Structure formats: C-alpha cells, structure tokens
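This report concerns only the one structure given below.
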Amino acid sequence: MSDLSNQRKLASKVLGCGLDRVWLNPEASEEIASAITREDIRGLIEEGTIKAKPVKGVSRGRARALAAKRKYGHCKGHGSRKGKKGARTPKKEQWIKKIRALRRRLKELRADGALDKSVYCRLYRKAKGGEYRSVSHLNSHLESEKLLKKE
Amino acid sequence: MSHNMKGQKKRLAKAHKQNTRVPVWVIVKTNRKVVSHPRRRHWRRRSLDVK
Amino acid sequence: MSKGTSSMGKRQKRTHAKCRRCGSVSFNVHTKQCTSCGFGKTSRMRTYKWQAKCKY
RNA sequence: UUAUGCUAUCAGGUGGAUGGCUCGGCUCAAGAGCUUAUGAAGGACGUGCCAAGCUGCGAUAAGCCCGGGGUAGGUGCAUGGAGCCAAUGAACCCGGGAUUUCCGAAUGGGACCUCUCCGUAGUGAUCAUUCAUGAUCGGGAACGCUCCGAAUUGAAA
RNA sequence: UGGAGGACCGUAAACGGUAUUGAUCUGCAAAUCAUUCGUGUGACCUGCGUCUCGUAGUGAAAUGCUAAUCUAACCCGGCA
RNA sequence: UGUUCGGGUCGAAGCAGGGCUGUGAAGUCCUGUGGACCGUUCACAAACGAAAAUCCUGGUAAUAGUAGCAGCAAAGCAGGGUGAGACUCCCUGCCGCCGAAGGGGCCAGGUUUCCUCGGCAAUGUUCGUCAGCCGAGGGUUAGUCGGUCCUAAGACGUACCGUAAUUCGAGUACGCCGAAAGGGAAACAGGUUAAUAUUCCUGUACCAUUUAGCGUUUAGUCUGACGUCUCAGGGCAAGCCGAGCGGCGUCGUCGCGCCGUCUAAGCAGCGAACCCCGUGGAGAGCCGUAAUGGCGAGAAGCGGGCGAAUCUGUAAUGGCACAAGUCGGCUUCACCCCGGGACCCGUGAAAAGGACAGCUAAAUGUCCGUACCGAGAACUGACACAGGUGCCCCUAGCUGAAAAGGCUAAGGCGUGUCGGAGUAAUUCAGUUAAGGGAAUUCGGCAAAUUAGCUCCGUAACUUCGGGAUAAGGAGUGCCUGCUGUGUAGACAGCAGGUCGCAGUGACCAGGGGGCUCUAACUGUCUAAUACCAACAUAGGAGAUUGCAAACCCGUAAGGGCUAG
RNA sequence: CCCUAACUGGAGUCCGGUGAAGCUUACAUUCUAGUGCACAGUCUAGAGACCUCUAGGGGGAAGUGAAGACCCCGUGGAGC
RNA sequence: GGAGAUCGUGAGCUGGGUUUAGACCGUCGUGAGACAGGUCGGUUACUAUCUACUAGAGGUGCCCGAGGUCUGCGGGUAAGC
RNA sequence: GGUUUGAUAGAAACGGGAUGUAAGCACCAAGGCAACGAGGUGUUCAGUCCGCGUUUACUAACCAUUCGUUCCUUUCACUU
Ligand SMILES: [Mg+2]
Ligand SMILES: [Mg+2]
Ligand SMILES: [Mg+2]
Ligand SMILES: [Mg+2]
Ligand SMILES: [Mg+2]
Ligand SMILES: [Mg+2]
Ligand SMILES: [Mg+2]
Ligand SMILES: [Mg+2]
Ligand SMILES: [Mg+2]
Ligand SMILES: [Mg+2]
Ligand SMILES: [Mg+2]
Ligand SMILES: [Mg+2]
Ligand SMILES: [Mg+2]
Ligand SMILES: [Mg+2]
Ligand SMILES: [Zn+2]
C-alpha cells in the first residue's frame with residue numbers, strides 16, 4: 001500500500017460523493033494503486049473495489065410521535081410556551097379569518113333567499129362593528145330575533 | 001479574479017518565465033562563477049510591481 | 001479601526017498605474033499624469049534642477 | 001586521574017585582517033562637437049539547439065547585402081555537449097545599404113486598457129505661398145541669451 | 001378594527017468601545033483577546049466610483065484627522 | 001619623488017614566537033610558515049602614527065541548551081502498509097471538531113500557488129518517506145458567460161481669453177471618456193479530462209448585421225424608468241406526511257429507521273387583479289374591503305375586450321446497481337407576479353436600446369478574460385500573524401418566538417502544526433462551601449441574587465403622552481378522554497389520574513426601591529491613557545442686503561452662494 | 001470579609017526535539033563600623049567563609065529600559 | 001505608648017490625593033491665558049547575570065575498609081503571655 | 001521496606017462500607033369498541049460499585065551487571 005490520496009480524490013469526483021464517503025477496500029490496495037485514470041476508476045467501481053458509504057440521516061420517528069400527541073391537543077401546557085402571545089398567533093390573522101367566515105355566511109344567507117336587503121345591510125355593518133364572535137353566535141341571534149325569512 | 005487585459009497578462013507571463021534556475025551547462029562552462037541571477041523570487045513574498 | 005495594523009487590511013486598491021512612456025509605476029489614475037516623467041501633463045520630459053546638488 | 005576552574009604556550013575549527021597583484025576610478029591637458037515627421041532619445045515585448053540575467057538585434061530578430069583591409073580558423077560576457085559555417089576567402093575591422101513589432105514629439109479616434117475602434121489605407125495643432133508644396137513640435141554632460149525671484153546666515157539681538 | 005414613532009427589548013448580523021483599572025506587555029497584535037456593556041427603521045451602517053490638501057483642506061470643535069508623522073504633512077534643494 | 005649604493009626562487013613582503021641593542025619612539029637577527037618582490041646615502045613631499053567620540057562597518061561571546069513552541073477551537077487510539085529510518089505519510093474500524101460557519105458561490109487582490117512524476121541541504125515553531133518547499137513536464141477552446149455598447153457624479157482634449165511666461169488659470173463652444181454590483185438581443189440538459197467547460201462532443205434551440213427575393217409605416221406615443229413604510233391575493237424552490245416498489249442497517253425482544261422512486265431550455269395552449277366598452281336604473285339607502293371606501297358627474301347585476309407569474313402537453317430519450325422508475329396530500333419563506341393604503345418645509349437619475357411591418361433563403365458573428373485561492377496557510381499588516389478586506393451573497397432535522405443557545409445531517413477537518421510522564425510550591429480560568437451577612441474597601445470593585453410565558457394587581461409625580469415589565473402575588477411536568485374558533489395549517493380551554501427535594505427541571509433568560517446635583521431628549525467626540533456636565537440640536541433674539549445687492553475666492557480672465 | 005479549605009482544566013516542576021533576545025571596564029563567597037564629592041562587595045580595622053549543583057520568592061547591586069517631561073540657563077525655536 | 005529603618009517596604013500590591021493633555025463654577029486680565037480655590041474624567045514596563053536568604057542533593061578534606069550507637073564545640077527559642 | 005528460606009504489589013472469594021430496591025416477567029391502573037396506558041405492587045434491604053481489611057503463592061519480585069584492582073607494563077609479588 002502506498003499514498004492513495006490521489007485515487008481518493010478521483011473516486012470522489014467520479015462518484016460525486018464527499019471525500020470521506022468513499023470506501024477504498026483495504027485488501028485491494030495493490031490493484032487500486034494502479035488506477036490513475038477515470039476509466040480505470042469506473043472499472044474499479046463496477047468490479048466493487050470502490051463504493052460510497054451510505055449517508056446517515058437524522059431520524060425523525062420520536063418527533064413524529066410527539067407531533068401526533070400535540071396534534072391531539074396534549075404536551076402544550078403553560079410550561080411549554082416560551083414566546084409571547086401574538087408571536088404564536090398574530091391578531092390580524094384571527095380577525096381576518098373571523099370576518100371572512102362571517103361575511104361568507106351572511107352572503108350565502110342572502111344568496112339562497114332567506115334574508116332581505118335591509119336586514120342584510122344592518123347585519124353586515126353590525127358584524128363589521130364586532131358584535132358577533134363566531135358563526136354559531138350569529139346563527140343564534142338570527143334564529144332568536146327572527147330576522148331570517150325561513151318558512 | 002483580476003480580469004486582465006492583453007498587456008498585463010503579457011507582462012505576467014514574462015515575470016513567470018524569469019523564475020528559472022540557471023542552466024547546469026552554464027555552471028559547468030563558467031566554472032562555478034555564475035550560480036544565480038537577481039530575478040529569482042517567490043510568489044508568497046514581496047509582490048511584483050509588474051502590473 | 002486603529003491607525004496601525006488594523007486599518008492596513010483595506011489596502012486593496014491602487015493609486016498609481018504603469019506609465020507608457022517610461023515604464024515606471026508612477027501614473028496617477030485620478031489626475032492622469034505620470035509623477036516621474038510628466039507623461040500626460042506635457043510633451044516634454046519632467047526635469048528639475050533640485051534633483052541634484054548645486055554643482056559647486 | 002582534584003571535580004567545576006585560573007594563567008601561559010602549542011595543534012585544529014570559525015573568520016576574513018595584513019601583504020603582493022589589479023582590463024576599475026579620479027584629476028589635468030590636446031582635440032572634436034549637434035540630432036529628430038525619410039519618425040529621434042527612452043521604454044515594453046520578443047529573439048539562441050540545449051539560454052535564467054546582462055549585451056546585441058527586430059517576425060530577414062547575438063542577425064542579411066556590397067566595396068576595401070586580413071588570413072586560417074569561427075560560433076558575445078562565459079574554453080560544456082552535439083552540430084553547423086569557412087579557400088565560392090569566413091571570423092574580425094573601416095565605409096555604404098536593407099529589414100526595422102508596439103508605445104513614445106506620437107500625429108485618424110480612445111487609454112487605473114503599451115493595446116484597442118472605424119477602417120472612409122487616415123495632411124494631429126499652429127502657420128507661409130504661386131495654393132504644386134514647405135516650416136515648427138522632442139532630445140542633448142555642462143557652456144549661452146532673455147524674463148520672474150527667497151530664507152537660513154553676518155551685523156555676536 | 002388600524003399600524004404611527006430621530007418609540008421599546010434584543011443576536012459575537014452590523015456599528016461602537018463603558019468596567020474588569022482582568023490576560024498579554026522582547027505580545028497573536030508597533031493597540032489585540034475574554035467576560036461585562038451602548039445603538040440596532042434611522043441626524044442609521046456599508047461596497048464601488050468621484051471631488052476637496054499644506055499658512056491649505058476637512059472637522060456635531062478634541063488643536064481632532066490629512067498613508068504607524070500634525071500648535072503647520074511628506075520628498076529633494078538652500079545645506080558641509 | 002629626485003639621487004647614490006645594493007638584496008631576492010641557494011627563497012622577498014607579510015604572519016606567530018623568541019635573542020640583542022637603544023632612556024624611548026623603534027631597529028636588527030634567529031626559528032616555523034610563505035612563494036615574489038624589497039631596501040639604503042643625501043634631500044623633498046603628504047589622502048602620514050588611535051584606546052576612548054550612547055564613534056562607523058564586519059566578525060563573534062556571555063546570557064544559554066535558557067525563554068518560547070499553553071490561555072480564544074484541551075484529539076486521538078488499534079490493526080495493516082510503504083520506507084535505510086514512522087507520535088507526525090497512506091488504507092480500514094472506533095472516538096472527536098464546525099454545522100445560519102471552520103460548508104457552498106464569487107468581487108478586489110494574488111499571479112502558476114493548479115495537475116502528474118522525482119527529491120528532502122534550506123522553508124514548515126518538533127520529526128517527516130509529507131508539503132502552498134526544491135527540479136522536470138503538462139494544463140485555461142465562447143455569436144448566447146462577462147468586458148466591449150449607453151449614460152450618472154465627474155474627468156480629459158482642441159479652440160477662444162488671461163499670465164512676464166508655461167507643463168499654469170475659471171468660464172464658453174465643440175468633442176471625448178467615466179459602472180466586471182446602474183440600463184442591457186440571444187442556450188439548455190447530459191457526457192468527456194489528471195488538471196477546461198452554459199466554451200469541447202450528442203441532442204434539441206435561439207438572436208442579430210449584410211446580400212437576394214416578396215410587401216409596407218401610425219412617426220408620434222409607449223417602454224427602458226425608478227423613494228420609505230405597511231398589507232391582501234396567486235404561484236413556486238426548499239420542507240413534511242400517507243400508500244406501493246427496490247436497496248442498506250438493526251435483530252437480547254420488537255419491527256422499525258434511512259436512501260431512491262428522476263427529466264432542462266425551446267415550442268403550443270389557458271389566464272387572476274387592475275383597466276376599457278354595451279346595457280342596467282339604486283336612496284326615509286344600497287354595494288363592498290384585512291383596511292381606507294363607491295354611488296344619478298350613474299351603484300348592484302348582466303355581457304364583451306386587452307391582460308402574469310405559474311400550470312398542461314411535447315422536447316422523450318438522456319442519465320439510474322437497463323434496481324425500482326407509480327401516486328396522492330399539507331405547508332411555503334428569505335424568491336416571482338399583481339393590487340391597495342399611508343408619509344414627506346425630503347418628491348425619490350439619465351441615455352443607448354426595444355414596440356408599433358415584416359416573411360423566405362444562404363452567408364457572416366472579429367477582439368480580450370477563462371487554471372487555482374478568495375482566507376485561523378494562496379489578499380493586506382516584514383511572517384504558514386487570534387487583526388482587517390468578505391458575513392459580500394446563500395444554507396437541512398429536533399427543542400424553541402427565532403438565522404438565539406444546545407444536540408445531529410450533507411460538506412470540510414483531527415494542521416486555530418511539538419510530544420512523553422502524572423509529583424511539589426506558585427500562577428491563568430472555573431465548581432462548591434458550616435455560622436455570620438458589607439463588619440472588607442477611597443467606593444458593594446469583583447462575584448452572587450432575579451430571569452420565559454399566562455392571570456391578578458400596580459404608587460408619588462406628570463408637559464396628561466407617561467411613569468410601567470412599577471412595586472407585589474399565584475400557576476407551569478407527564479398520562480387518559482375531550483370541547484370551542486377556523487376552509488386549513490394551527491390556536492385556545494377543560495375533566496380525571498400520577499411522579500419527583502425540585503416541572504421556563506439542562507440551554508437561554510431584568511435584582512428592585514427612595515432622596516439629591518447636572519444636561520431637556522435621540523445624536524457627536526481626543527484612531528493608541530479622557531464616551532463626560534463638553535459639541536450638536538429643536539426653540540428664542542439680534543444684524544446686513546431689493547439682486548449690476550450683502551458676504552467671499554482670483555494677479556487677471558472670471559467665479560462660490562445661485563437652476564437661489 | 002471574620003479565615004480560609006477541598007477539587008477541576010491550562011502552565012510551572014521532570015524527560016525527548018527545536019531554539020532566541022536584552023543590562024556586560026575588570027575581578028567578585030560576604031557582614032559590621034569608619035573614611036571618602038557627606039548613600040563602599042573592591043579603601044581602613046575587625047568578623048566570617050570547604051567547592052559544585054537544583055528549586056523558590058524578589059531584600060541589595062543607589063538592578064535594566066531612556067542624553068528628565070519638574071526648576072533654571074541659551075542676546076536657541078514654534079504657535080497664539 | 002511614642003518613634004527609627006532612603007519620612008522601612010510600587011523588578012510586592014493599591015491608585016483614593018497631588019502633578020500632563022478635556023470641560024464647568026468663582027475671582028483676576030482688554031485678550032491669549034492664570035489661581036497658590038473648588039468639582040467630574042484620566043495606560044502602572046522587565047524571561048534574575050552577581051550577591052543574600054529559605055530548603056533539597058553530589059563531591060573533596062579528616063580517616064586502616066564498612067556499619068551501628070553516642071558525645072556535644074556551637075546555633076535557636078516567648079513557647080508560653 | 002521486600003525479594004521464594006516470601007504476604008511486597010495485583011487477581012479470586014469473604015468481612016466492612018456507598019446508594020436506594022436493577023432489567024425482564026406476572027397482576028392492577030384513570031380511561032379507551034379497540035390498540036395503547038403515565039404509574040403502582042411482587043420477584044427484591046434488590047442491582048451496581050469500593051484509590052479499605054482477611055485468607056490464599058493463583059501471576060509478577062526472575063535474569064543479571066557494577067564498586068570494594070590507577071591501567072598497561074612483566075613501570076609488576078604477580079601467574080603460562
Ligand atoms: Mg496618522
Ligand atoms: Mg547649478
Ligand atoms: Mg545676527
Ligand atoms: Mg437595543
Ligand atoms: Mg534639508
Ligand atoms: Mg580600534
Ligand atoms: Mg455541534
Ligand atoms: Mg525541520
Ligand atoms: Mg464607455
Ligand atoms: Mg507540554
Ligand atoms: Mg445629554
Ligand atoms: Mg453647549
Ligand atoms: Mg546672555
Ligand atoms: Mg522594592
Ligand atoms: Zn512616465
């Protein structure tokens with residue numbers, strides 16, 4: 001065996017893997033020592049005297065199970081929050097989703113026909129003003145104050 | 001990467017060619033009276049002012 | 001930075017190029033004149049009597 | 001065999017003084033004294049069979065042609081190998097011609113680009129005439145003529 | 001709901017340079033290192049280009065800075 | 001030097017050591033070395049006599065086999081080779097370092113340091129068979145990548161004029177230069193070498209100028225072409241999840257974990273917002289947005305037109321262990337397209353080029369750069385320098401608000417180039433400490449305490465904005481089952497059980513309060529002993545001047561303020 | 001801090017390799033008193049002392065670095 | 001209790017004051033500047049050659065060769081107040 | 001200090017100690033249609049460890065060199 005650094009570099013270029021990811025077989029040092037061209041290195045790789053050691057990734061099973069538990073609603077107590085509220089849920093997004101839901105519900109109630117123009121305008125501006133906190137809340141007020149034209 | 005014109009590269013080529021050991025037959029003919037010239041340098045030392 | 005070795009790292013530009021008429025590295029790239037032979041300033045060559053002792 | 005040391009002499013190492021030699025320097029005297037647009041001095045790059053520097057030379061590139069002198073060797077500083085040239089008179093010296101890259105007074109335009117653009121192949125700027133043509137520009141060791149023009153110092157301030 | 005401000009906190013991003021009167025003080029360094037600190041959407045930091053200079057320039061002004069030189073820079077000459 | 005008399009290869013000068021003479025400066029002789037020149041009488045000359053100048057140049061001691069080869073990144077061990085020689089060079093296994101920089105891309109700068117072979121006197125803080133070192137040879141291929149082209153601040157040239165005069169001086173006219181990060185006609189995938197590759201080769205393309213043929217302008221407009229902050233919508237590289245298929249690992253028990261499951265430009269097709277047009281007839285009000293808002297000067301609604309990224313097909317046969325090569329879903333910045341709003345005693349470039357009249361064919365597309373580094377070893381600081389230039393532009397999984405800190409991938413390294421041994425004092429930097437708790441000291445200097453998030457609660461004073469995270473209290477882990485908002489990603493809340501001395505369990509992470517002086521505040525400052533009460537500032541006041549002005553530069557020609 | 005103690009990593013101590021610089025008229029194993037330009041290892045009179053080496057902190061060598069920055073002088077300068 | 005030892009002791013430490021360069025207040029000066037008045041800020045260099053001392057070793061001297069056990073010329077003490 | 005004529009150091013077993021009841025297995029567990037399930041109880045004063053002692057030659061204290069002659073000379077009372 002001799003200085004085999006040159007063949008190391010050549011095999012890394014041919015294979016495309018990093019230098020330490022090349023595995024030079026230690027029983028074939030005499031035969032690898034005679035490999036000086038790209039064609040010879042390809043022949044050696046085909047014969048099996050060279051190869052690339054597999055990359056060891058980062059496993060993700062543990063985090064995967066933890067994520068399943070969190071998605072169920074656990075492992076998220078007060079002792080795990082470390083960022084200010086608002087950094088976990090910006091207020092503008094909350095308002096946007098709320099108001100879009102309310103407007104789509106009112107629009108569909110107008111579209112099907114169970115809500116005339118006057119009450120529609122009043123309820124639109126009222127929801128703009130912030131008197132309903134959710135779609136079920138709006139449905140409760142609509143079914144209480146009778147402003148829908150259900151029959 | 002120091003994009004050069006033709007003349008700068010020409011002068012760089014000359015300054016490269018000047019780094020040569022004096023020929024052995026010169027040392028034989030002059031009887032060990034010529035063993036060096038004042039044009040020898042090294043790349044990681046005093047910068048040349050060729051450019 | 002400091003006035004010594006700390007501000008000598010910004011020493012990457014050049015102020016004098018190489019002169020065509022005399023071959024000396026003395027051509028000011030801002031004023032466009034050779035500070036050794038006077039190229040660019042004039043068609044004559046720069047010489048001053050204070051470049052030598054009074055010859056007596 | 002008293003160690004570590006002290007003094008003196010001898011042999012050797014290191015070092016480069018002294019002496020001898022010297023194609024170099026310096027001073028005085030006698031001569032001689034301009035050159036360049038027919039492209040100078042100076043510079044860059046190239047040029048040798050083995051060639052890095054200096055010297056010479058210019059893509060005909062340590063060189064080519066002619067006339068005279070000189071006579072048997074030649075191939076620079078720089079006696080190495082292998083070759084070539086030479087009685088068709090070489091090498092060398094004196095006189096006269098040829099080739100003479102790019103920059104440079106640099107002059108078709110342009111230069112932190114010694115190269116580049118259009119090629120309309122190129123009279124740049126200022127001048128004189130008969131408007132054919134002609135003149136000036138840069139360099140030169142000191143000497144020469146015209147014009148502008150200090151202070152240190154002395155007076156013991 | 002909205003998203004203003006020579007606003008706030010904060011990175012060993014960037015810029016600065018308080019205290020240790022620490023380490024080093026023939027040093028890694030002819031001014032650096034470690035911890036602790038100040039600003040961090042603006043009178044902000046910065047690359048490249050260009051301009052302003054010696055009885056002159058530039059200076060939110062200390063006689064600061066103008067190539068390790070500044071209560072008048074540097075090279076040569078007057079000059080032995 | 002002039003002159004008289006001589007010596008020397010049978011051994012001159014010079015050098016080392018001795019004998020004799022002279023008070024002495026010094027002379028002469030002897031021995032060893034040396035291998036070619038040297039004296040003397042009478043006179044005359046001078047670049048004529050050294051122990052000292054923190055003297056100058058060269059050589060060389062002691063200090064001394066001493067300091068340094070530690071501090072910010074404590075890194076190596078086993079087995080096998082090569083070789084005269086192995087802690088240090090090579091291969092495999094284990095153990096480690098950085099992992100939003102020590103990785104990748106490249107400017108300026110460097111200039112052959114790049115690759116192969118042969119060496120180890122010097123260089124490398126040790127050795128060395130190694131090397132950015134030494135010797136020989138080799139290596140950079142462009143119509144599409146840049147320069148080249150346009151102009152910005154601003155330079156330079158010729159002329160005119162000034163100056164005793166110029167190589168000097170402001171302006172005017174005409175030119176010409178100035179950006180490898182501004183504007184900009186056009187190319188992608190794969191292969192090949194030891195070192196070059198959108199450059200060479202295979203395939204598939206595209207763009208200009210000229211010539212020939214076949215036709216024609218609208219020629220005046222648009223684009224190039226523009227600030228700071230903030231926000232909606234769409235798309236996508238990266239990322240993640242599920243099913244099938246092919247490999248690798250583990251296997252004391254289980255059946256999980258990782259890698260792959262690919263595909264460019266070009267060409268053809270479609271089009272979201274804004275905008276334009278034809279209808280329409282809305283008010284004791286209707287239509288909308290995340291938000292501002294719109295409307296008889298014509299809303300809602302209904303039709304049509306111009307109009308994006310990206311997407312679909314082809315290119316589809318290239319590469320892959322010709323091994324598989326099939327599908328779905330979520331999210332999406334820091335990248336692309338499109339639109340709205342706010343702000344200004346700030347208004348946020350110009351020109352070349354391109355579009356509107358082109359289509360077909362052949363020919364032409366010159367010149368220069370292209371290797372490698374781009375930094376704790378290729379630059380700069382005299383160095384293989386802990387500084388600076390470059391943190392200039394980019395970066396995967398988990399925890400987490402996060403590009404913080406910690407732990408790991410890919411990639412790069414064990415060279416922030418001395419080792420062995422393990423035993424004193426002392427020293428640099430850390431961990432802990434009974435009882436007391438500033439008694440230390442000029443002075444709580446130094447170190448410790450506190451620290452995330454949610455909820456409750458919050459004083460004097462006040463320019464009514466603040467003070468304010470005031471102060472002061474309580475909760476936080478894991479498991480089982482759920483509820484609410486939302487299109488979703490996700491976010492918020494609950495009930496029961498349970499462990500420990502301790503649940504932001506490590507990393508990260510304010511000690512607080514009171515009374516005075518001083519400067520209003522944010523900002524600037526003696527680069528290398530002074531970051532302050534000093535300078536600046538908004539606010540207040542005063543003075544000059546009606547423009548051929550006040551103030552100022554120049555010897556003049558002419559200029560700054562002043563496109564006022 | 002009373003009042004310090006134990007422990008950890010890097011140096012130091014010991015061994016191998018590499019390998020500098022700065023003080024130096026000469027000698028030098030000292031201590032006490034006197035004398036002396038009045039602040040002596042070297043003079044005068046006593047007292048002590050066998051030589052070499054290693055480690056250690058700095059009492060002395062008016063220790064080293066450096067033609068005093070404080071004061072005066074010069075018919076010396078510069079700025080204001 | 002008071003004094004001495006270079007008002008002992010910075011190649012041991014500290015840097016509070018005084019004694020540089022910056023700035024403020026008062027008083028002087030027409031002014032540059034000054035105070036013997038006050039206040040805020042402001043770099044502490046060195047690898048030990050000789051000697052002295054504290055400890056640890058190797059020699060040589062005296063001596064039959066070696067080993068052991070003692071004496072005690074001397075030195076020290078505050079060993080207790 | 002010891003060195004076979006031996007308990008000097010180490011291994012093995014035991015005594016004396018430190019911590020706090022190991023892994024797997026079984027039963028129960030708030031629950032869940034199920035899968036799963038933090039955790040508790042038993043095996044279990046358990047497991048893990050000891051820079052301390054006792055017994056015991058089980059391995060290593062083996063094998064040697066050197067001074068107590070100036071060195072050669074027959075300058076010797078030696079010895080071929
Ligand atoms: Mg300076
Ligand atoms: Mg003269
Ligand atoms: Mg005078
Ligand atoms: Mg901050
Ligand atoms: Mg002078
Ligand atoms: Mg002398
Ligand atoms: Mg890490
Ligand atoms: Mg070496
Ligand atoms: Mg141009
Ligand atoms: Mg060491
Ligand atoms: Mg202030
Ligand atoms: Mg002020
Ligand atoms: Mg006088
Ligand atoms: Mg002292
Ligand atoms: Zn010149």
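Residue numbering restarts at 1 for every chain of the structure tokens, chains are lettered A, B, ... in their displayed order, and ligands are numbered from 1 as they appear.
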In chain C, DSSP strand (DSSP E) residues written as a PyMOL selection string: chain C and resi 16-17+27-28+33-34
Surrounding residues as a count of residues only, ligand 7, max 12 Å, only C-alpha atoms (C1' of nucleotides) and all ligand atoms: 12
For residue 19 (chain B): contacts at 7 Å, only C-alpha atoms (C1' of nucleotides), fewer than 2 positions along chain excluded, given as a ChimeraX atom specification: /B:16-17,21,39-41
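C1' of residue 498 (chain F) is positioned 20.4 Å from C1' of residue 21 (chain I).
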Which residues are near ligand 4 - at most 9 Å, using only C-alpha atoms (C1' of nucleotides) and all ligand atoms? Format: as a PDB file with C-alpha atoms (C1' of nucleotides), in the first residue's frame.
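result-v2.pdb, written as the output of this step:
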ATOM      1  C1'   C E   8     -39.243  49.681  23.432  1.00  0.00           C
ATOM      2  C1'   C E   9     -36.398  44.547  24.175  1.00  0.00           C
ATOM      3  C1'   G E  10     -32.660  42.031  21.769  1.00  0.00           C
ATOM      4  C1'   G E  38     -24.163  51.048  24.130  1.00  0.00           C
ATOM      5  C1'   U E  39     -27.195  51.901  19.214  1.00  0.00           C
ATOM      6  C1'   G E  40     -29.815  48.261  16.304  1.00  0.00           C
TER       7        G E  40
END
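Note that CA of residue 124 (chain A) and CA of residue 104 (chain A) are 10.6 Å apart.
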Exercise answer, 10 Å around ligand 6 with only C-alpha atoms (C1' of nucleotides) and all ligand atoms, as a PyMOL selection string: chain F and resi 50-52
